[PDB]
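Participant: First the structure, which I've put down as structure tokens, then a few questions once you've had a look.
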There are 2 protein chains.
Amino acid sequence: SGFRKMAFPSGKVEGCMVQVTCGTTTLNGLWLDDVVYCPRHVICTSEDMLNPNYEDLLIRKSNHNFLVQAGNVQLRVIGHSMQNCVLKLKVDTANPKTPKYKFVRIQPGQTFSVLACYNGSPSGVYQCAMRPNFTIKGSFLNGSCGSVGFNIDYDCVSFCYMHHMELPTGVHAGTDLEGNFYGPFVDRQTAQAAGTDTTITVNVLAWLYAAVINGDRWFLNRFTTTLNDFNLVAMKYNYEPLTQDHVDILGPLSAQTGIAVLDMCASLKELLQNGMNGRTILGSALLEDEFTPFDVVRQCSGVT
Amino acid sequence: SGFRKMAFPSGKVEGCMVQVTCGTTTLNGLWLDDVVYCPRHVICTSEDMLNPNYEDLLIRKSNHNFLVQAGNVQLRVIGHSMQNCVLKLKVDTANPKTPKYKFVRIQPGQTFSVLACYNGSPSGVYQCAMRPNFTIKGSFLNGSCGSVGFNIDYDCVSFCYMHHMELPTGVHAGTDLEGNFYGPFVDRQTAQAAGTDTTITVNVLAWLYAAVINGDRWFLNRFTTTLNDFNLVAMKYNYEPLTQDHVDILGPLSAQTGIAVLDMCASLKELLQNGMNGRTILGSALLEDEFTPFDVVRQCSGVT
Ligand SMILES: CN1CC[C@@H](C(=O)Nc2cncc3ccccc23)c2cc(Cl)ccc21
Ligand SMILES: CN1CC[C@@H](C(=O)Nc2cncc3ccccc23)c2cc(Cl)ccc21
């Protein structure tokens, strides 16, 4: 019993974190095999971030300008290349702690753990989600760039995010491990506003199923709805539309609780229309949307 | 920017987790040096939990009845002893991954990270606090016993909690690493109700300071209060009394923001009396109390 914002154990990812320095800029890198992945803005000064031409700025850098430090020992850089917004630094030593890994590009609504790092050293681990406007609501300070987001399936770490920047509104933007940003963001100090941060409906439904499994049942009502009727109310509340794919994804939770997906939708509709009335669900006064249906099943079953 | 429920990196603690089996019971153990620490109820059957005499039940167990498995390799048990509600199993091999460590007993209001484990394998990491009624609101399932709670100061892991049981209300109870339970709980399947779960006032004030540092300032008002006036309102809302020690602990946050501690108290008093009015603070519709003043400073400064 109990439902917590739980992150994956970070050990496998801590063993990959290195410090990358280029001139006066120091950020974090991810060392997998003989390659160190880091944001390409490590080659910039603060003045370059205004209008950086990364191809031109990179010409003025050689292998020896990139200082990679793993623990307190220096790694020899024997090659460097730019792939989209990340630099790949070929080092002469393969990471002895390289776990089994994949590079995946996640969809909005999908959650992942972040190991926030400073100077190649981990400071914390927390769970977050790719927002539908392709930002992440993380907890990052200066020097956090290069910190990664990941998921684990038994012994395979799927890296999905690398942190690049904080937008003027305090929200965060970054890339997958191929250097492609999530959303329309660019690695420049320029006016970039985020779109609407809608609520991930399928995740709220999953957390409502987690609440029923953990004994919070006050919000269960006598009603049902249809996907179209539900989506009319969801649109009005800046909630993502719910599809038959989402209903299918919620099937196992529907089976665990005996509560049909559309009945849970009607319950959610009444919570949107009536409010919580000062009550809480799983120790929260608002509807949580950063737990996917897979996260609820994993947490309630004990996947290790 | 951004404020998250952040847990310490779990790597150092994952390297200590082992599986302990006694007869038909399997739980987790913490392997530090040549000692494995685990809940003493590993020697019980489900029927023994009703009225267990641990000294008598332990007589019927020898070193070879305790099966310690680290990874997929068996550890040889060369000694066993009971210390309060934990068993200490002396093994013939010292944990090669033993980090620098301390065993500390924390006070209510203090927070710690939990690495939830099943069969000696980690499943997740989350942050929680020792409630003022000495329970913890964790996320634990059957077999989670022996999972530990800890804090890290650079390279030293201070172990403070070991999970033992879930109370009938879904809340959790456990011991420090000397086997002494937090609160009045006992390791028996018996009616044990928790006391009042009051809000940790000094932690709410710390999180209100975190909100001001991260740009959420709507709740800042034109008032001030005194410790006595504030505590009259705090008592009425089931909030812990605020002491001059708490005011002192909040000093660095008071300095960072330029907002006197008693001004923040007046702001908190108005939030208690008026409510949030549908607004949020750091993405929360309720006042968060599981971030200590030290956690806010650490997260906002980037301690690694
Ligand atoms: C102007 N600037 C600053 C350095 C770096 C940046 O955003 N770093 C940071 C990341 N996350 C939180 C922060 C919190 C305070 C300070 C920096 C933070 C960056 C990166 C890009 Cl791609 C563009 C601009 C830019
Ligand atoms: C009756 N019983 C069950 C096994 C064990 C116990 O509480 N285990 C569990 C711990 N945390 C969550 C759980 C969730 C579902 C099931 C067990 C859970 C235990 C331990 C003590 Cl000290 C006393 C009684 C008792």
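The chains in the structure tokens are called A, B, ... from first to last as shown; in each chain the residues are counted from 1, and the ligands are counted from 1 in the order shown.
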Can you check which residues of chain B have any atom within 7 Å of chain A? Use only C-alpha atoms and format it as a PyMOL selection string.
Facilitator: chain B and resi 1-11+14+118+121-126+137-141+170+285-286+302-304
Participant: Would you please give, as a PyMOL selection string, all residues of range 48-252 of chain A that DSSP assigns to helix (DSSP H, G or I) based on the backbone?
Facilitator: chain A and resi 48-50+54-59+63-65+201-213+227-236+244-249+251-252
Participant: How about saving the chosen residues, C-alpha atoms kept, as a PDB file, in the first residue's frame?
Facilitator:
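Dumped everything to out22.pdb:
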ATOM      1  CA  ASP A  48      28.011  32.794 -28.017  1.00  0.00           C
ATOM      2  CA  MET A  49      24.584  31.577 -26.759  1.00  0.00           C
ATOM      3  CA  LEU A  50      22.901  34.658 -28.232  1.00  0.00           C
ATOM      4  CA  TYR A  54      27.786  25.558 -33.790  1.00  0.00           C
ATOM      5  CA  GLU A  55      29.511  24.345 -36.979  1.00  0.00           C
ATOM      6  CA  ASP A  56      31.772  27.465 -37.015  1.00  0.00           C
ATOM      7  CA  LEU A  57      32.446  27.406 -33.234  1.00  0.00           C
ATOM      8  CA  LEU A  58      33.276  23.683 -33.386  1.00  0.00           C
ATOM      9  CA  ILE A  59      35.971  24.305 -36.106  1.00  0.00           C
ATOM     10  CA  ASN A  63      40.102  16.702 -29.333  1.00  0.00           C
ATOM     11  CA  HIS A  64      42.441  18.168 -26.636  1.00  0.00           C
ATOM     12  CA  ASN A  65      40.085  21.116 -25.989  1.00  0.00           C
ATOM     13  CA  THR A 201      -5.616  12.226 -19.293  1.00  0.00           C
ATOM     14  CA  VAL A 202      -4.529   8.531 -19.643  1.00  0.00           C
ATOM     15  CA  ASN A 203      -1.995   9.154 -16.797  1.00  0.00           C
ATOM     16  CA  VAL A 204      -4.651  10.753 -14.524  1.00  0.00           C
ATOM     17  CA  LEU A 205      -6.904   7.708 -15.175  1.00  0.00           C
ATOM     18  CA  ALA A 206      -3.983   5.409 -14.298  1.00  0.00           C
ATOM     19  CA  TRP A 207      -3.401   7.329 -11.009  1.00  0.00           C
ATOM     20  CA  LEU A 208      -7.170   7.164 -10.242  1.00  0.00           C
ATOM     21  CA  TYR A 209      -6.816   3.366 -10.678  1.00  0.00           C
ATOM     22  CA  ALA A 210      -3.764   3.458  -8.321  1.00  0.00           C
ATOM     23  CA  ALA A 211      -5.916   5.291  -5.738  1.00  0.00           C
ATOM     24  CA  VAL A 212      -8.676   2.632  -5.904  1.00  0.00           C
ATOM     25  CA  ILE A 213      -5.998  -0.133  -5.518  1.00  0.00           C
ATOM     26  CA  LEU A 227     -15.179   8.648 -25.195  1.00  0.00           C
ATOM     27  CA  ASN A 228     -16.915  11.490 -27.121  1.00  0.00           C
ATOM     28  CA  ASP A 229     -18.872  12.839 -24.110  1.00  0.00           C
ATOM     29  CA  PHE A 230     -15.785  12.517 -21.885  1.00  0.00           C
ATOM     30  CA  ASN A 231     -13.567  14.331 -24.457  1.00  0.00           C
ATOM     31  CA  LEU A 232     -16.025  17.277 -24.624  1.00  0.00           C
ATOM     32  CA  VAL A 233     -15.407  17.830 -20.869  1.00  0.00           C
ATOM     33  CA  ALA A 234     -11.685  16.973 -21.202  1.00  0.00           C
ATOM     34  CA  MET A 235     -11.194  19.613 -23.948  1.00  0.00           C
ATOM     35  CA  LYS A 236     -12.842  22.279 -21.733  1.00  0.00           C
ATOM     36  CA  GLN A 244      -9.437   3.895 -27.832  1.00  0.00           C
ATOM     37  CA  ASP A 245      -5.628   3.237 -27.653  1.00  0.00           C
ATOM     38  CA  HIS A 246      -5.597   4.852 -24.174  1.00  0.00           C
ATOM     39  CA  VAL A 247      -8.663   2.715 -23.149  1.00  0.00           C
ATOM     40  CA  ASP A 248      -6.717  -0.384 -24.298  1.00  0.00           C
ATOM     41  CA  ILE A 249      -3.583   0.714 -22.392  1.00  0.00           C
ATOM     42  CA  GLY A 251      -7.221  -2.466 -19.671  1.00  0.00           C
ATOM     43  CA  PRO A 252      -5.013  -4.175 -17.046  1.00  0.00           C
TER      44      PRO A 252
END
Participant: What's the separation between CA of residue 130 in chain B and CA of residue 291 in chain B, in Å to one decimal place?
Facilitator: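 That distance, rounded to one decimal, is 11.2 Å.
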Participant: Show which residues sit within 9 Å of residue 80 in chain B, as a PDB file with C-alpha atoms, in the first residue's frame. Count only C-alpha atoms, and ignore same-chain residues fewer than 6 positions away.
Facilitator:
ATOM      1  CA  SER B  62      20.958 -22.112  13.008  1.00  0.00           C
ATOM      2  CA  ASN B  63      23.436 -20.194  10.749  1.00  0.00           C
ATOM      3  CA  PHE B  66      19.573 -18.205   6.901  1.00  0.00           C
ATOM      4  CA  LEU B  87      18.917  -9.862  12.968  1.00  0.00           C
ATOM      5  CA  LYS B  88      22.583  -9.421  12.214  1.00  0.00           C
ATOM      6  CA  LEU B  89      23.927 -12.224  10.052  1.00  0.00           C
ATOM      7  CA  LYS B  90      27.726 -12.509  10.103  1.00  0.00           C
ATOM      8  CA  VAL B  91      28.878 -13.676   6.703  1.00  0.00           C
TER       9      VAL B  91
END
Participant: Please provide as a PDB file with N, CA and C atoms, in the first residue's frame all residues within 6 Å of range 263-268 of chain B, with the sequence filter that same-chain residues fewer than 6 positions apart are discarded (counting only C-alpha atoms).
Facilitator:
ATOM      1  N   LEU B 220       2.635  35.483  -0.896  1.00  0.00           N
ATOM      2  CA  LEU B 220       3.315  36.426  -0.013  1.00  0.00           C
ATOM      3  C   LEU B 220       2.369  37.566   0.303  1.00  0.00           C
ATOM      4  N   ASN B 221       2.135  37.818   1.593  1.00  0.00           N
ATOM      5  CA  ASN B 221       1.219  38.887   1.971  1.00  0.00           C
ATOM      6  C   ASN B 221       1.910  40.033   2.711  1.00  0.00           C
ATOM      7  N   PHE B 223       1.552  40.825   5.848  1.00  0.00           N
ATOM      8  CA  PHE B 223       1.513  40.642   7.296  1.00  0.00           C
ATOM      9  C   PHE B 223       2.739  39.968   7.907  1.00  0.00           C
ATOM     10  N   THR B 224       2.796  40.062   9.220  1.00  0.00           N
ATOM     11  CA  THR B 224       3.748  39.382  10.061  1.00  0.00           C
ATOM     12  C   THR B 224       2.970  38.827  11.267  1.00  0.00           C
ATOM     13  N   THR B 225       3.604  37.966  12.037  1.00  0.00           N
ATOM     14  CA  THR B 225       3.000  37.379  13.212  1.00  0.00           C
ATOM     15  C   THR B 225       4.114  37.166  14.267  1.00  0.00           C
TER      16      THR B 225
END
Participant: Just how far from CA of residue 184 in chain A is CA of residue 105 in chain A, in Å to one decimal?
Facilitator: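 Computed distance, CA of residue 105 in chain A to CA of residue 184 in chain A, equals 14.7 Å.
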Participant: Quick one: pull the distance between CA of residue 177 in chain A and CA of residue 157 in chain A, Å, one decimal.
Facilitator: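 Rounded to one decimal, the two atoms are 12.3 Å apart.
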Participant: Residues at most 6 Å from residue 30 in chain A, counting only C-alpha atoms, excluding those fewer than 4 positions away in the same chain, as JSON, numbers by chain?
Facilitator: {"A": [16, 17, 36, 37]}
Participant: Looking at B:74, B:243, B:53, B:83, which one is nearest to residue 179 in chain B, with distances taken over only C-alpha atoms?
Facilitator: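 The answer is B:83, which sits nearest to residue 179 in chain B.
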Participant: Output as number ranges by chain all residues of range 33-141 of chain B that backbone DSSP marks as strand (DSSP E or B).
Facilitator: B: 35-39, 66-70, 73-75, 77-83, 86-91, 100-103, 111-118, 121-129, 136
